[PDB]
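As stored in data_25.txt (compact mmCIF, C-alpha atoms and all ligand atoms):
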```txt
# COMPACT_ATOMS: atom_id res chain seq x y z
CA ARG Y 5 78.91 146.58 194.41
CA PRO Y 6 80.80 149.87 195.05
CA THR Y 7 82.06 152.43 192.45
CA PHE Y 8 85.86 152.16 191.77
CA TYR Y 9 88.41 154.71 190.35
CA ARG Y 10 91.68 154.17 188.33
CA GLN Y 11 95.10 155.70 189.35
CA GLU Y 12 98.81 155.45 188.24
CA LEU Y 13 101.01 155.42 191.43
CA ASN Y 14 104.74 154.65 190.68
CA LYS Y 15 103.80 153.25 187.20
CA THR Y 16 101.28 150.97 189.13
CA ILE Y 17 97.53 150.83 188.15
CA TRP Y 18 95.46 151.27 191.41
CA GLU Y 19 91.67 150.60 191.07
CA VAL Y 20 89.83 150.87 194.48
CA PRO Y 21 86.33 151.74 195.77
CA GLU Y 22 85.92 155.54 196.14
CA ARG Y 23 85.43 155.16 199.97
CA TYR Y 24 89.30 154.75 200.02
CA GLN Y 25 90.74 158.25 199.20
CA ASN Y 26 94.23 159.91 199.37
CA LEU Y 27 96.07 156.71 198.33
CA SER Y 28 99.78 157.49 199.08
CA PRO Y 29 102.59 154.92 198.50
CA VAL Y 30 104.25 153.74 201.81
CA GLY Y 31 107.32 151.61 202.71
CA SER Y 32 109.72 153.17 200.11
CA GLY Y 33 108.84 150.14 197.84
CA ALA Y 34 110.34 147.34 200.02
CA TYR Y 35 106.86 146.40 201.54
CA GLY Y 36 105.47 145.54 198.04
CA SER Y 37 102.61 147.57 196.43
CA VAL Y 38 101.11 149.32 199.53
CA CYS Y 39 99.24 152.64 199.82
CA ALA Y 40 98.15 154.59 202.89
CA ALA Y 41 94.46 155.53 202.29
CA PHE Y 42 91.67 157.35 204.25
CA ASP Y 43 88.62 155.12 204.93
CA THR Y 44 85.82 157.67 204.36
CA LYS Y 45 83.26 155.16 205.78
CA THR Y 46 85.01 155.29 209.24
CA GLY Y 47 87.43 158.28 208.88
CA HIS Y 48 90.50 156.21 210.00
CA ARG Y 49 93.69 155.82 207.89
CA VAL Y 50 94.17 152.30 206.36
CA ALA Y 51 96.71 150.23 204.34
CA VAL Y 52 95.69 148.99 200.86
CA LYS Y 53 98.03 146.28 199.45
CA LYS Y 54 97.43 145.34 195.77
CA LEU Y 55 98.65 141.68 195.53
CA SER Y 56 101.56 141.42 193.04
CA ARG Y 57 101.34 138.89 190.06
CA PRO Y 58 98.75 136.96 192.10
CA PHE Y 59 97.83 134.15 189.59
CA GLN Y 60 101.20 134.00 187.72
CA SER Y 61 101.97 130.36 188.77
CA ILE Y 62 100.46 127.47 190.84
CA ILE Y 63 102.76 128.60 193.75
CA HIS Y 64 101.69 132.34 193.52
CA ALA Y 65 98.00 131.33 193.01
CA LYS Y 66 98.00 128.96 196.04
CA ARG Y 67 99.98 131.60 198.06
CA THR Y 68 97.43 134.31 197.19
CA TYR Y 69 94.75 131.90 198.53
CA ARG Y 70 96.55 130.94 201.80
CA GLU Y 71 97.07 134.64 202.64
CA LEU Y 72 93.40 135.62 202.15
CA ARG Y 73 92.33 132.39 203.95
CA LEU Y 74 94.68 133.32 206.84
CA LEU Y 75 93.77 137.03 207.08
CA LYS Y 76 90.00 136.14 207.04
CA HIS Y 77 90.59 133.76 210.01
CA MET Y 78 92.61 136.08 212.37
CA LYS Y 79 89.98 137.65 214.70
CA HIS Y 80 92.33 138.47 217.69
CA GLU Y 81 93.68 141.72 219.32
CA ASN Y 82 97.44 140.83 218.96
CA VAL Y 83 97.22 139.48 215.35
CA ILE Y 84 96.61 141.47 212.08
CA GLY Y 85 92.97 141.30 210.84
CA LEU Y 86 91.34 142.06 207.46
CA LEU Y 87 89.06 145.14 207.34
CA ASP Y 88 88.40 144.61 203.58
CA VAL Y 89 89.40 142.47 200.53
CA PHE Y 90 88.28 143.63 197.03
CA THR Y 91 88.74 143.20 193.25
CA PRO Y 92 87.59 145.57 190.47
CA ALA Y 93 86.61 142.34 188.54
CA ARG Y 94 82.79 142.13 187.88
CA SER Y 95 83.31 138.31 187.35
CA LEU Y 96 85.70 135.29 187.69
CA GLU Y 97 86.35 135.56 183.88
CA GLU Y 98 88.17 138.92 184.60
CA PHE Y 99 89.64 138.27 188.12
CA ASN Y 100 93.42 139.17 188.06
CA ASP Y 101 93.95 141.84 190.83
CA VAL Y 102 93.39 141.34 194.63
CA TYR Y 103 93.52 144.21 197.17
CA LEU Y 104 93.76 143.67 201.00
CA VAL Y 105 92.83 146.39 203.58
CA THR Y 106 94.26 146.40 207.17
CA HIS Y 107 94.97 149.06 209.87
CA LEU Y 108 97.86 151.32 208.76
CA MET Y 109 101.01 150.60 210.83
CA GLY Y 110 102.39 153.61 212.79
CA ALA Y 111 105.57 151.86 214.08
CA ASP Y 112 107.13 148.37 213.90
CA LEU Y 113 108.86 147.17 217.13
CA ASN Y 114 112.20 148.19 215.48
CA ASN Y 115 111.08 151.88 215.26
CA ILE Y 116 109.95 151.75 218.94
CA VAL Y 117 113.45 150.66 220.18
CA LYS Y 118 115.14 153.46 218.07
CA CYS Y 119 112.67 155.97 219.69
CA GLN Y 120 112.91 154.97 223.45
CA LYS Y 121 114.86 152.82 226.01
CA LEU Y 122 112.17 150.24 227.13
CA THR Y 123 111.48 149.44 230.85
CA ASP Y 124 110.57 146.00 232.33
CA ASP Y 125 106.90 147.20 232.41
CA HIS Y 126 107.18 147.59 228.58
CA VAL Y 127 109.02 144.28 227.97
CA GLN Y 128 106.45 142.34 230.13
CA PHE Y 129 103.47 143.91 228.27
CA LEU Y 130 104.97 143.58 224.75
CA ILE Y 131 106.06 139.91 225.21
CA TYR Y 132 102.75 139.09 226.97
CA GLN Y 133 100.94 140.35 223.79
CA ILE Y 134 103.20 138.38 221.34
CA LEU Y 135 102.68 135.16 223.39
CA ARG Y 136 98.91 135.86 223.48
CA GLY Y 137 98.81 136.27 219.64
CA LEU Y 138 100.98 133.11 219.26
CA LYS Y 139 98.63 131.14 221.58
CA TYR Y 140 95.73 131.97 219.16
CA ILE Y 141 97.82 131.24 215.96
CA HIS Y 142 99.30 127.96 217.36
CA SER Y 143 95.73 126.77 218.32
CA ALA Y 144 94.80 126.93 214.56
CA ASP Y 145 97.93 124.78 213.68
CA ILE Y 146 99.49 127.98 212.15
CA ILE Y 147 103.24 128.61 212.68
CA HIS Y 148 104.52 132.13 211.92
CA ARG Y 149 108.06 130.82 210.97
CA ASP Y 150 109.41 134.44 210.49
CA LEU Y 151 108.79 136.20 213.86
CA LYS Y 152 111.05 139.30 213.93
CA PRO Y 153 110.79 142.95 215.10
CA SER Y 154 109.79 144.33 211.59
CA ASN Y 155 106.71 141.94 211.68
CA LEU Y 156 105.56 143.37 215.04
CA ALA Y 157 103.33 146.50 214.84
CA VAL Y 158 103.11 148.58 218.08
CA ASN Y 159 100.71 151.58 218.68
CA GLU Y 160 100.68 154.74 220.92
CA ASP Y 161 99.44 152.52 223.88
CA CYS Y 162 102.30 149.99 223.24
CA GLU Y 163 99.52 147.63 221.97
CA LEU Y 164 100.96 145.06 219.52
CA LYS Y 165 99.81 143.11 216.43
CA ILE Y 166 101.69 140.11 214.92
CA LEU Y 167 101.77 140.17 211.08
CA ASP Y 168 103.99 138.90 208.17
CA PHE Y 169 105.10 141.46 205.50
CA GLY Y 170 107.02 138.68 203.59
CA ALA Y 184 117.00 140.07 209.38
CA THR Y 185 114.96 136.76 209.60
CA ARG Y 186 118.35 134.94 210.23
CA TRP Y 187 118.92 136.48 213.77
CA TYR Y 188 115.55 135.21 215.16
CA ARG Y 189 115.32 131.79 213.37
CA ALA Y 190 115.23 128.58 215.53
CA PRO Y 191 118.38 126.43 215.09
CA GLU Y 192 116.47 123.27 213.82
CA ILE Y 193 115.49 125.38 210.72
CA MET Y 194 119.05 126.60 209.92
CA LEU Y 195 120.18 122.93 210.18
CA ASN Y 196 117.24 121.71 207.99
CA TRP Y 197 116.09 119.00 210.48
CA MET Y 198 112.85 117.08 209.60
CA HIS Y 199 110.87 117.71 212.87
CA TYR Y 200 109.24 121.20 213.10
CA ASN Y 201 106.88 122.34 215.94
CA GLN Y 202 105.19 125.71 216.76
CA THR Y 203 107.97 126.46 219.31
CA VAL Y 204 110.16 127.71 216.39
CA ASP Y 205 108.18 130.95 217.10
CA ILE Y 206 108.98 130.74 220.87
CA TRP Y 207 112.73 130.67 219.97
CA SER Y 208 112.12 133.92 218.01
CA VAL Y 209 110.21 135.50 220.99
CA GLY Y 210 113.28 134.58 223.10
CA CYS Y 211 115.60 136.31 220.58
CA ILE Y 212 113.26 139.37 220.44
CA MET Y 213 112.88 139.67 224.26
CA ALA Y 214 116.69 139.38 224.77
CA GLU Y 215 117.06 142.27 222.24
CA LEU Y 216 114.49 144.33 224.27
CA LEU Y 217 116.40 143.55 227.51
CA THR Y 218 120.03 143.97 226.20
CA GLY Y 219 119.33 146.44 223.33
CA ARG Y 220 121.59 144.32 221.02
CA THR Y 221 121.08 141.36 218.62
CA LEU Y 222 121.58 138.24 220.79
CA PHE Y 223 122.89 136.02 217.85
CA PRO Y 224 124.25 138.59 215.34
CA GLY Y 225 125.58 135.91 212.89
CA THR Y 226 127.49 136.99 209.69
CA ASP Y 227 126.19 133.74 208.03
CA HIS Y 228 124.00 130.78 209.16
CA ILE Y 229 127.17 128.83 210.24
CA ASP Y 230 128.39 131.86 212.32
CA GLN Y 231 124.79 132.16 213.70
CA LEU Y 232 124.73 128.47 214.85
CA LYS Y 233 128.12 128.97 216.64
CA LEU Y 234 126.79 132.06 218.55
CA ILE Y 235 123.71 129.98 219.55
CA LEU Y 236 125.55 126.77 220.62
CA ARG Y 237 128.13 128.64 222.84
CA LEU Y 238 125.14 130.14 224.79
CA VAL Y 239 122.61 127.19 224.89
CA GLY Y 240 125.30 124.44 225.36
CA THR Y 241 126.85 121.60 223.29
CA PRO Y 242 123.79 119.43 222.40
CA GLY Y 243 122.73 117.13 225.29
CA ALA Y 244 122.59 113.29 225.13
CA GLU Y 245 118.74 113.82 224.99
CA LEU Y 246 118.91 116.02 221.80
CA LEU Y 247 121.59 114.06 219.82
CA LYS Y 248 119.35 110.93 220.40
CA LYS Y 249 116.87 112.61 217.96
CA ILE Y 250 119.24 113.39 214.99
CA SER Y 251 119.25 110.61 212.31
CA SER Y 252 122.31 111.41 210.06
CA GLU Y 253 125.81 110.67 211.46
CA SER Y 254 126.75 113.65 209.16
CA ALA Y 255 124.27 116.04 210.92
CA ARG Y 256 125.19 114.87 214.48
CA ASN Y 257 128.98 115.34 213.73
CA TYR Y 258 128.23 118.82 212.24
CA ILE Y 259 126.08 120.03 215.21
CA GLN Y 260 128.80 118.95 217.74
CA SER Y 261 131.49 120.27 215.26
CA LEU Y 262 129.94 123.83 215.47
CA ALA Y 263 129.80 123.56 219.32
CA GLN Y 264 133.60 124.11 219.71
CA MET Y 265 133.41 127.80 220.80
CA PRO Y 266 134.10 128.10 224.59
CA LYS Y 267 130.66 127.87 226.33
CA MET Y 268 129.09 131.14 227.71
CA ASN Y 269 127.17 131.75 231.00
CA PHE Y 270 123.44 132.44 230.26
CA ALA Y 271 122.61 134.90 233.13
CA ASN Y 272 125.97 136.74 232.51
CA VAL Y 273 124.64 137.73 229.03
CA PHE Y 274 121.62 139.49 230.77
CA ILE Y 275 123.28 141.02 233.94
CA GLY Y 276 120.83 143.80 234.96
CA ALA Y 277 117.65 142.07 233.64
CA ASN Y 278 114.73 141.06 235.94
CA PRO Y 279 115.66 137.46 237.00
CA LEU Y 280 112.03 136.40 236.21
CA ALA Y 281 112.77 137.60 232.61
CA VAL Y 282 116.06 135.58 232.45
CA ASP Y 283 114.12 132.58 233.88
CA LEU Y 284 111.61 132.91 230.99
CA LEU Y 285 114.35 133.44 228.32
CA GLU Y 286 115.96 130.18 229.59
CA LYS Y 287 112.71 128.22 228.82
CA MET Y 288 112.42 129.85 225.35
CA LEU Y 289 116.04 129.59 224.06
CA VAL Y 290 116.16 125.74 224.47
CA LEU Y 291 118.04 123.76 221.73
CA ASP Y 292 115.63 120.76 222.09
CA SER Y 293 112.30 122.05 220.65
CA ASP Y 294 110.51 119.13 222.47
CA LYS Y 295 111.64 120.77 225.79
CA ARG Y 296 111.14 124.46 224.71
CA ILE Y 297 108.09 126.13 226.47
CA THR Y 298 104.75 126.75 224.56
CA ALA Y 299 103.00 130.16 224.14
CA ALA Y 300 100.19 128.99 226.50
CA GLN Y 301 102.70 127.89 229.23
CA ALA Y 302 104.74 131.14 228.73
CA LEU Y 303 101.57 133.23 229.52
CA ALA Y 304 101.39 131.45 232.96
CA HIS Y 305 105.07 132.41 233.71
CA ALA Y 306 105.50 134.67 236.80
CA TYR Y 307 107.14 137.48 234.72
CA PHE Y 308 103.55 138.16 233.37
CA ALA Y 309 101.93 138.32 236.88
CA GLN Y 310 100.79 141.95 236.11
CA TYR Y 311 98.91 141.00 232.87
CA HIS Y 312 98.22 137.22 232.70
CA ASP Y 313 94.40 136.65 232.74
CA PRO Y 314 93.56 133.05 231.61
CA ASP Y 315 89.84 133.78 230.81
CA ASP Y 316 91.18 136.45 228.31
CA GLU Y 317 93.82 134.39 226.37
CA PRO Y 318 91.59 132.63 223.80
CA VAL Y 319 92.45 130.01 221.15
CA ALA Y 320 91.33 130.42 217.49
CA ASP Y 321 88.30 128.72 215.82
CA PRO Y 322 88.88 125.59 213.66
CA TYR Y 323 91.00 126.61 210.60
CA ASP Y 324 90.51 124.35 207.51
CA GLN Y 325 94.16 124.02 206.33
CA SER Y 326 93.33 121.00 204.05
CA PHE Y 327 94.10 123.13 200.93
CA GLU Y 328 97.79 123.12 202.07
CA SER Y 329 98.14 119.45 200.89
CA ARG Y 330 96.50 120.04 197.43
CA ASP Y 331 98.32 120.13 194.01
CA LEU Y 332 95.69 122.18 191.97
CA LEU Y 333 95.65 124.33 188.76
CA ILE Y 334 95.75 128.20 188.72
CA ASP Y 335 92.03 128.29 187.66
CA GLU Y 336 91.12 126.16 190.76
CA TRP Y 337 93.27 128.44 193.05
CA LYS Y 338 91.97 131.61 191.31
CA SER Y 339 88.37 130.28 191.70
CA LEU Y 340 88.74 129.33 195.38
CA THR Y 341 90.26 132.86 195.86
CA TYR Y 342 87.21 134.59 194.15
CA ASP Y 343 84.77 132.53 196.34
CA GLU Y 344 86.62 133.94 199.42
CA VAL Y 345 86.73 137.59 198.12
CA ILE Y 346 83.01 137.77 197.15
CA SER Y 347 81.96 136.02 200.44
CA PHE Y 348 83.98 138.34 202.81
CA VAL Y 349 81.99 140.06 205.65
CA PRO Y 350 83.73 143.11 207.21
CA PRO Y 351 84.31 143.14 211.01
CA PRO Y 352 81.93 145.48 212.95
CA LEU Y 353 82.95 149.13 213.89
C1 LIG T 1 103.36 131.49 203.38
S1 LIG T 1 103.00 132.68 202.14
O1 LIG T 1 103.82 132.41 201.01
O2 LIG T 1 101.58 132.72 201.96
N1 LIG T 1 103.45 134.13 202.73
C2 LIG T 1 104.44 134.89 201.95
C3 LIG T 1 105.03 136.02 202.76
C4 LIG T 1 103.93 136.92 203.30
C5 LIG T 1 102.95 136.13 204.14
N2 LIG T 1 101.84 136.98 204.59
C6 LIG T 1 100.72 136.50 205.14
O3 LIG T 1 100.15 135.49 204.72
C7 LIG T 1 100.16 137.29 206.31
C8 LIG T 1 98.91 136.64 206.90
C9 LIG T 1 99.26 135.42 207.74
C10 LIG T 1 99.23 135.60 209.26
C11 LIG T 1 99.93 136.88 209.72
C12 LIG T 1 99.94 137.00 211.24
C13 LIG T 1 100.60 135.81 211.88
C14 LIG T 1 99.89 134.54 211.48
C15 LIG T 1 99.86 134.39 209.96
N3 LIG T 1 99.85 138.62 205.82
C16 LIG T 1 100.04 139.71 206.57
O4 LIG T 1 100.49 139.65 207.71
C17 LIG T 1 99.68 141.01 205.95
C18 LIG T 1 100.30 142.19 206.36
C19 LIG T 1 99.97 143.40 205.79
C20 LIG T 1 99.00 143.48 204.80
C21 LIG T 1 98.57 144.81 204.24
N4 LIG T 1 98.98 145.91 205.07
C22 LIG T 1 100.20 146.46 205.00
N5 LIG T 1 101.05 145.97 204.08
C23 LIG T 1 102.23 146.58 203.97
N6 LIG T 1 102.69 147.66 204.62
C24 LIG T 1 101.82 148.11 205.53
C25 LIG T 1 100.56 147.57 205.81
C26 LIG T 1 100.06 148.36 206.87
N7 LIG T 1 100.90 149.31 207.20
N8 LIG T 1 101.99 149.18 206.36
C27 LIG T 1 103.05 150.12 206.45
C28 LIG T 1 104.32 149.79 205.97
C29 LIG T 1 105.36 150.69 206.12
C30 LIG T 1 105.15 151.91 206.73
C31 LIG T 1 103.89 152.24 207.20
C32 LIG T 1 102.84 151.35 207.06
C33 LIG T 1 98.39 142.31 204.38
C34 LIG T 1 98.72 141.09 204.94
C35 LIG T 1 102.40 134.97 203.33
```

Can you dump the structure from the file as structure tokens?
Amino acid sequence: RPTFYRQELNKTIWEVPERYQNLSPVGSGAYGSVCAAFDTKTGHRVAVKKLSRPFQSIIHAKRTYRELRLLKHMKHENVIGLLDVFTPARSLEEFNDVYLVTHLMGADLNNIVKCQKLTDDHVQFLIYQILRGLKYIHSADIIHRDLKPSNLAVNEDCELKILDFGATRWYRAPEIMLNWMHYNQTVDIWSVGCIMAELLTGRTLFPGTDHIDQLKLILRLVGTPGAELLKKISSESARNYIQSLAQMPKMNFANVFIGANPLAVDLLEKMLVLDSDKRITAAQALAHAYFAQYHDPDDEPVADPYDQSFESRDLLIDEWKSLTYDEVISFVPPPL
């Protein structure tokens, strides 16, 4: 067990191993309780996040568990990984505080776009990397559900990591804003479509004042729902609403991206599909011709089996808090 040290940072008690020095608060608050540190073991900068009110309720307890269970699983170049998870607690009796260590983020994809006007070489490479990360995540039966530029970290090499820091609206698949039952991984693909369009056009594709405004901007671009789609909505009320919000004059798809590489527009067209059963998968996307320059199949792995069975459980804080401790004590850092 390592030696820890106390610290007040913005009226917040920060106890960490001494290997993590120069803790400095980052994200102006909005990213939760996060500090930039210096990993003295490796001499790189890192992010320490102290988890906030982690065992307050069943929901918070179970959510603390899922996160640690997820971070510990992600061993892929285009997805966030865990360098370190620690607690000051010398026992389960005392366990209340959880700290997570990751690479420090230099820029989100948002910052990138503010900095520079991206080329088609950039857009190919960036989207290739998101779809690669998604192929891995999807293989483990994990859906991101909140893919957006602020959750995409991008380095000096334009190398990219998918993460979730916790406007979502702009990038959200339409089935979710209509609260339909059926939900597949391709909700993420919709988001990649929205993100890619933004990288091509430099503007929010569906900049919707509210969710109803959003759904109008979508349906005028991706068409009044087809016979095929409507034949999969159950409620008369829902079907009448969906076709009721598709009363904006229809728009021409390729018109919206005049100037873009046609191979890009071709790909966008297979991502921004109303019918999620007919929307392309991450693994198919990787084989699209727009990624000729990068797409290597032998180098686009799937994840290992991910035990998600805890998702279905109604347990007590002390079960959640105990399963969490198990996972903290038993963590094995990645190699350097
Ligand atoms: C459903 S739920 O309810 O469980 N759900 C609630 C909302 C938050 C969700 N988070 C996660 O479950 C994911 C892990 C799940 C994976 C993520 C990848 C896709 C597949 C699923 N967790 C993460 O992705 C994460 C991110 C950062 C950290 C710590 N690291 C930083 N935390 C803040 N800020 C930072 C840094 C680094 N740099 N910066 C930074 C910020 C600003 C400026 C400079 C640097 C820790 C964890 C969980």

Exercise. Quick one: everything within 9 Å of residue 105 (chain Y), counting all atoms listed in the file, minus sequence neighbours fewer than 3 positions away in the same chain. Send it as a PyMOL selection string.
Key: chain Y and resi 50-53+85-90+108

Quiz prompt | Within-12 Å shell of (79.5, 151.5, 189.8) in input frame, all atoms listed in the file, as number ranges by chain | solution = Y: 5-9, 20-22, 92-94

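Atom to atom, CA of residue 62 (chain Y) and CA of residue 342 (chain Y) stand 15.4 Å apart.
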
Practice problem: Select, from Y:158, Y:259, Y:345, Y:130, the residue with the minimum atom-to-atom distance to residue 291 (chain Y), counting only C-alpha atoms. | Solution: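 The answer is Y:259, which sits nearest to residue 291 (chain Y).
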
So that each row is one residue of chain Y with an atom at most 7 Å from ligand LIG 1 (chain T), can you give its shortest atom pair and the distance in Å to one decimal, using all atoms listed in the file, rows by chain and rising number, as a tab-separated table?
```
residue	atom	partner	partner_atom	distance
Y:30	CA	T:LIG1	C30	5.3
Y:31	CA	T:LIG1	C29	4.0
Y:35	CA	T:LIG1	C23	5.2
Y:36	CA	T:LIG1	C23	6.8
Y:38	CA	T:LIG1	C23	5.3
Y:51	CA	T:LIG1	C26	4.6
Y:52	CA	T:LIG1	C21	6.1
Y:53	CA	T:LIG1	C21	5.0
Y:67	CA	T:LIG1	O2	4.4
Y:68	CA	T:LIG1	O2	6.5
Y:70	CA	T:LIG1	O2	5.3
Y:71	CA	T:LIG1	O3	3.8
Y:74	CA	T:LIG1	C9	5.1
Y:75	CA	T:LIG1	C8	5.2
Y:83	CA	T:LIG1	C12	5.5
Y:84	CA	T:LIG1	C12	5.6
Y:104	CA	T:LIG1	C33	5.9
Y:105	CA	T:LIG1	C21	6.0
Y:106	CA	T:LIG1	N4	5.2
Y:107	CA	T:LIG1	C26	5.9
Y:108	CA	T:LIG1	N7	4.0
Y:109	CA	T:LIG1	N7	3.9
Y:110	CA	T:LIG1	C31	5.9
Y:141	CA	T:LIG1	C14	5.9
Y:146	CA	T:LIG1	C14	6.6
Y:147	CA	T:LIG1	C14	6.9
Y:148	CA	T:LIG1	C14	5.2
Y:166	CA	T:LIG1	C12	5.1
Y:167	CA	T:LIG1	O4	3.6
Y:168	CA	T:LIG1	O4	3.6
Y:169	CA	T:LIG1	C18	4.9
Y:170	CA	T:LIG1	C3	3.4
```

Write the residues of the selection above to a file with C-alpha atoms, as a compact mmCIF listing (two decimals), keeping the file's coordinate frame.
```txt
# COMPACT_ATOMS: atom_id res chain seq x y z
CA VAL Y 30 104.25 153.74 201.81
CA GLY Y 31 107.32 151.61 202.71
CA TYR Y 35 106.86 146.40 201.54
CA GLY Y 36 105.47 145.54 198.04
CA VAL Y 38 101.11 149.32 199.53
CA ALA Y 51 96.71 150.23 204.34
CA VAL Y 52 95.69 148.99 200.86
CA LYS Y 53 98.03 146.28 199.45
CA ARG Y 67 99.98 131.60 198.06
CA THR Y 68 97.43 134.31 197.19
CA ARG Y 70 96.55 130.94 201.80
CA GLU Y 71 97.07 134.64 202.64
CA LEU Y 74 94.68 133.32 206.84
CA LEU Y 75 93.77 137.03 207.08
CA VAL Y 83 97.22 139.48 215.35
CA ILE Y 84 96.61 141.47 212.08
CA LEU Y 104 93.76 143.67 201.00
CA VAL Y 105 92.83 146.39 203.58
CA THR Y 106 94.26 146.40 207.17
CA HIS Y 107 94.97 149.06 209.87
CA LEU Y 108 97.86 151.32 208.76
CA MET Y 109 101.01 150.60 210.83
CA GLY Y 110 102.39 153.61 212.79
CA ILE Y 141 97.82 131.24 215.96
CA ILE Y 146 99.49 127.98 212.15
CA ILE Y 147 103.24 128.61 212.68
CA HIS Y 148 104.52 132.13 211.92
CA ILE Y 166 101.69 140.11 214.92
CA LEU Y 167 101.77 140.17 211.08
CA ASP Y 168 103.99 138.90 208.17
CA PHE Y 169 105.10 141.46 205.50
CA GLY Y 170 107.02 138.68 203.59
```

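Interatomic distance, CA of residue 215 (chain Y) against CA of residue 275 (chain Y): 13.3 Å.
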
Quiz prompt | Interatomic distance, CA of residue 225 (chain Y) to CA of residue 124 (chain Y) (Å, one decimal) | solution = 26.6 Å

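You can rank Y:25, Y:347, Y:293, Y:185 by their closest distance to residue 212 (chain Y) using all atoms listed in the file, and at the top of that list sits Y:185.
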
Any chance you could turn region 40-63 of chain Y into a file with C-alpha atoms, as a PDB file, in the first residue's frame?
```pdb
ATOM      1  CA  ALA Y  40      -4.364  17.600 -13.332  1.00  0.00           C
ATOM      2  CA  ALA Y  41      -1.475  15.758 -11.552  1.00  0.00           C
ATOM      3  CA  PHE Y  42       2.153  14.723 -12.414  1.00  0.00           C
ATOM      4  CA  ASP Y  43       2.692  10.923 -12.301  1.00  0.00           C
ATOM      5  CA  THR Y  44       6.167  10.822 -10.701  1.00  0.00           C
ATOM      6  CA  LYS Y  45       6.395   7.047 -11.460  1.00  0.00           C
ATOM      7  CA  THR Y  46       6.278   7.771 -15.272  1.00  0.00           C
ATOM      8  CA  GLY Y  47       6.773  11.600 -15.442  1.00  0.00           C
ATOM      9  CA  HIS Y  48       3.615  12.135 -17.599  1.00  0.00           C
ATOM     10  CA  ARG Y  49       0.726  14.467 -16.605  1.00  0.00           C
ATOM     11  CA  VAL Y  50      -2.526  12.629 -15.574  1.00  0.00           C
ATOM     12  CA  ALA Y  51      -6.173  13.326 -14.600  1.00  0.00           C
ATOM     13  CA  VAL Y  52      -7.339  12.347 -11.077  1.00  0.00           C
ATOM     14  CA  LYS Y  53     -11.165  12.360 -10.667  1.00  0.00           C
ATOM     15  CA  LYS Y  54     -12.438  11.910  -7.067  1.00  0.00           C
ATOM     16  CA  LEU Y  55     -15.912  10.282  -7.492  1.00  0.00           C
ATOM     17  CA  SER Y  56     -18.636  12.566  -6.043  1.00  0.00           C
ATOM     18  CA  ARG Y  57     -21.102  11.179  -3.345  1.00  0.00           C
ATOM     19  CA  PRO Y  58     -20.281   7.670  -4.639  1.00  0.00           C
ATOM     20  CA  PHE Y  59     -22.377   5.507  -2.191  1.00  0.00           C
ATOM     21  CA  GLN Y  60     -25.151   8.098  -1.460  1.00  0.00           C
ATOM     22  CA  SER Y  61     -27.979   5.940  -2.974  1.00  0.00           C
ATOM     23  CA  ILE Y  62     -28.528   2.529  -4.702  1.00  0.00           C
ATOM     24  CA  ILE Y  63     -28.423   4.427  -8.081  1.00  0.00           C
TER      25      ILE Y  63
END
```
